[PDB]
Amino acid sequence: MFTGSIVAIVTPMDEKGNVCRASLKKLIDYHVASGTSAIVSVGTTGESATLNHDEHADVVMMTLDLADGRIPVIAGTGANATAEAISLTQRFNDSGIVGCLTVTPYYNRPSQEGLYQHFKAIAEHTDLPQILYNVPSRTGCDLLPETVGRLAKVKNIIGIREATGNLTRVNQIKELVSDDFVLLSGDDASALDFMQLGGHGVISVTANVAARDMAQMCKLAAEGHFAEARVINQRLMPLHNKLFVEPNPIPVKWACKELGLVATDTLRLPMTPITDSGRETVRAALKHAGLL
């Protein structure tokens, strides 16, 4: 699945900062029961930044195993060095994951030509479907619609997760690619708008704690019932905003613990524990969404 509500799943940890299997299983069961369409394993929200490649791969394989064919699993495979992106991608070749979510190189700020070569080379070393991931606020780099058009011509580059919050990109990209190229929002607060413009779903942080509502919202969207979808969206809007009151995934992990979905809200440095003021902010948004 590359449609509907796709969760950017947290990597729940024990107090030592290592993956908590019991909490992972609980989350995956919750997504299966909630109608979540797919899981992105070890992306931004899953702390790809603070896991090494072995630990990253371990979490993905554990997620795939625990999913047990019940829900598709997409691996986060981003790296800012092309050779490393290829190497990470190869760990999942012939694994059971359905596709990869691959971010524009961060920090080194490649040109649009460099982005084209990075993703082309990655695609050439895999049989897995590739979803491009654009998030300039984290990367320092902006994959423009014209380059997306170029890359969409590569056989196994099948979609884009667009996290700019710039809604004009939907139709600029759609104009330049074929009808089957998947357009996914990477920005919860604008994701319903993104779908109203022609987007096919959302890779969502909110879905971590509001999976049923999120799944319902995207289904309504896909059927053209936007007024009905907006009612849910307004119920979820404080979460769409306040889950970033502190650096993601600090708030969403606390929210998961609060809802009893994970054993601990532990994260790896440089992410730090949620402040007291942060707890109260997220608690009120959970209450507004009617989740407590």
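Quick note: we count residues from 1 along the sequence shown, nothing fancier.
Look over 45 to 53 and 223 to 231 in the entry and identify the one with the greater average Cα temperature factor. The stretch with the larger average C-alpha B-factor is 223 to 231.
Of 201 to 209 and 173 to 181, the one with larger mean CA B-factor: 173 to 181 has the higher mean C-alpha B-factor.
Is residue 278 in the lowest, middle or highest third of its chain when residues are ranked by C-alpha B-factor? For residue 278, the deposited C-alpha B-factor lands in the highest third.
Would you please rank residue 36 by its C-alpha temperature factor against the other modelled residues of its chain and give the third it falls in: lowest, middle or highest? Middle third of the chain for residue 36's C-alpha B-factor.
Among all modelled residues of this chain, ranked by Cα B factor, put residue 284 in the bottom, middle or top third, i.e. lowest, middle or highest. Its C-alpha B-factor belongs to the highest third of this chain's values.
Split into thirds by Cα B-factor across the chain's modelled residues, where does residue 118 land: lowest, middle or highest? Tercile = lowest for this residue's CA B-factor.
Position of residue 105 among the chain's modelled residues by C-alpha B-factor, lowest, middle or highest third: For residue 105, the deposited C-alpha B-factor lands in the lowest third.
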